[PDB]
Amino acid sequence: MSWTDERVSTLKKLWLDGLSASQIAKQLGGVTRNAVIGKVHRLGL
DNA sequence: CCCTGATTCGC
DNA sequence: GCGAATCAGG
């Protein structure tokens, strides 16, 4: 998949909750923990 | 051997 | 903008 606005919203919610990158990756599907960390960085979190 | 985030740069 | 493959550890 791709970083749709929906998926980014989910990432932000879960990260702001303190879930780890691998946990978020598993919840989302379609991305690795690497992709999640990279997106967290580009979002400025 | 399970796990954590951080970074570079080809794509 | 994206994320594999490191980096740097717990």
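Quick notes
- About the Cα centre, charge dipole magnitude for chain A (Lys/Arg +1, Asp/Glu -1 at Cβ), debye: 100
- Whether chain A is rounded, prolate or oblate, judged on the alpha carbon gyration tensor where a/c under 1.5 counts as rounded: rounded
- Taking Cβ atoms as reference points and 13 Å as the exclusive limit, the residues near A:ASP5 contribute a net charge of +3, counting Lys and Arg as +1 and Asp and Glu as -1.
Cβ: placed from backbone, ideal geometry, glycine included. Neighbour counts: every protein chain shown. Throughout, read-outs are computed from the coordinates displayed, never taken from laboratory work.
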